[PDB]
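Shown below, as C-alpha cells, is a lone chain in the form deposited in one PDB entry; questions about how it binds or moves come after it.
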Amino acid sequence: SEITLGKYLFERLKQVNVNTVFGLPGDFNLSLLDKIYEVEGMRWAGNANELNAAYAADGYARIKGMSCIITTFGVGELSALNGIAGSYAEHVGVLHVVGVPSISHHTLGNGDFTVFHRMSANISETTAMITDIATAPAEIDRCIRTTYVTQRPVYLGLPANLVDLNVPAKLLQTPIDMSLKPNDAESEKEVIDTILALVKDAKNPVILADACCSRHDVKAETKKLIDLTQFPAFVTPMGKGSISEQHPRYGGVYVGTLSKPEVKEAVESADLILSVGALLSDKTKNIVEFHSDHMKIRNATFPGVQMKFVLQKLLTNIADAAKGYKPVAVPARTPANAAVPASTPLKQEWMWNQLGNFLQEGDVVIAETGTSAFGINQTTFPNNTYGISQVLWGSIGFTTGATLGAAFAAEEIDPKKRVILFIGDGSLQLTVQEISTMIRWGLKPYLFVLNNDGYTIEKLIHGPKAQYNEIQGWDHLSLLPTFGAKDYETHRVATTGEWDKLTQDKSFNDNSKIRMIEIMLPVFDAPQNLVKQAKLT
C-alpha cells in the first residue's frame, strides 16, 4: 500500500489532531485540497480571505495545540503574512503550506521563484521547500514537529507535481516523536539548586503566569506548582485564563499601574516572583523567569535550559523548600455592581465587572485590541475559561478570524463550549467577511460589537476628533442576514437593564445559534483607569 504525498500530510495532521484546515484555493494548491476529502474527520473551512484564514489558524492553534493553512503561490501567501507574523510574535504553532509552481504569473516579472519563500523565512522557525519525494515524508514530519514543539510558524512550500506521487503508507505507522532534547546537566542543576534556595529564603513569594504558561504545555505543571507551594498566583493580561480565577490562591491580573491597586501592591511587595512564560512587559525583588528555551534568575542568564525539565524536577522538591511559608492573604475580589435604575446608560466600567455573571466554565473569551482588551482584564472568570488577547502583536482585525478558528476547535472538543467575542466597531471592519464562514459551518459564537462610533482608544491618546479616528457607521445588525444567515439572532443593548434582561435569559445562555449583540457606548468611554492615565498622560 502506498498513499499520495498529499494524503500523507492530512493523515499526519490528523495524527496531531488538526481536523480543520484554513486557507483559500488557488492555481497551485488544487490537487492537494482534493486530498482533504479522502481523509475522514478532516474538513476545509473555505475562508473569505487569506489574512482572515491566517488569523483563524492562529486561534484554532491556540485552542487545539496547532493548526494548518494552505495558500497558493504569491497571491495567497503574501496576503497571510500579517497573520503568520503575529503567530510568530506570540508563539502560536501555525503550519503554513503553500502550493508552488510544478517544479517549473503571480510573479514579479523577473524569473525568481524564491522571493516569497525568502520573505516568509523572516517570520518562521524553519522553512522547507520540497523538491524530492524520497525526502518528502521526513521533511513534512520535520515541519510538523517544529511547529508543534517550538509553537512557531513553519513554511512548507510544496510543488504541484509532487503531491500526486506515492509514498509508502507504512510511514504513518510510526508517530512523529515530539520529545525534547534534555538540557545541559550542569546548568539545569545550577538553576534548580538556586531556585529551591530563593524559595527557602522568601517570606512573600508570588507566582505570575504569563502568555506562554499554557501554549508551552506548563499549564498543568503551573497549577501543581500553586497547590504544592500555596503562594498567591497572578496572571498578566496575555496569560489571563491560565490560572483558574476561582482558586483561593488566585490573587488577580497584574497589569502594571493599570492594576487594581490591591493587586498592584500584592505583586510589588513580593520578595520573589516566580514567572512562567514571559513576553514580559513587567519595587519587584528577585524574579525567576521561566522561558521555553532559557532561564533567567535575577540578572543571570542560562541560555539553553528549557523550562519543562526544570519544572518537572522542581515539583518533586518544592513542597519541602517551601514548607516554611505562612500563607499571605490574597487581595479580595472586586465587589458586585451596586444596584442602579434600569435606564442607566451602559458604561464599560459597569459592564466589565458585570460580564463575569454571564460567563460559565468552559467558555472561550476573545477580546479585540481596543478598549476591549483593557476591559476584559477587569472580568472575573469562572474556572476552566480560556482567554485570547493579542496584546503583543496587536493587529486590529485579528479576532473575527480568531473566533472562527477557536469555534471550530471548541466544536471538536465539546460542542457545548461557548465562544464569546468582544470586538470594537472599528476592528470589526478589517475582517468582517469571516462572519460568513461561521454561518457556512453552523458555528454558534456570541459576537458582541462595542458601538462607540470610531476608534476610542486612539482618540484617548491623540486626535479625539481627528477625522482619521472616525469611521463610516455600519448597520451591524444586518450583517448576519446579508451573509446568508438562517438560524440567528441579533440584539441591541444600551442600558444596564437591557444587559441584565438578555444576559440573564436562559435561552440566551445556550449556544443554539450564531448571535450578534450590538452594545451602545459613549465615544469617550473606556475602563476607568485608562481614562485617568490617558488624560494626564
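Heads up, when I say rigid core I mean the largest set of C-alphas that superpose within 1.5 Å between the two forms. Don't overthink the numbering: it's just position in the shown sequence, from 1.
One more form of this protein exists, namely the form deposited in another entry; it is left out here, but the text below deals with it.
Trainee: I want to make sure I read this right: if the two forms are fitted on their rigid core, which of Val305, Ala128, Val365, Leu172 has a C-alpha displacement of 2 angstroms or more between this form and the one not shown?
Mentor: Looking at each option in turn, only one qualifies, and it is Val305.
Trainee: Look at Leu355 and decide if its Cα position differs by 2 Å or more between this form and the one not shown after superposing on the rigid core.
Mentor: No, its C-alpha moves less than 2 Å.
Trainee: Rigid core fitted, is the C-alpha displacement of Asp184 between this form and the one not shown 2 Å or more?
Mentor: Yes, its C-alpha moves 2 Å or more.
Trainee: Once both forms sit on the same rigid core, is the C-alpha displacement of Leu258 at or above 2 Å between this form and the one not shown?
Mentor: Yes, its C-alpha moves 2 Å or more.
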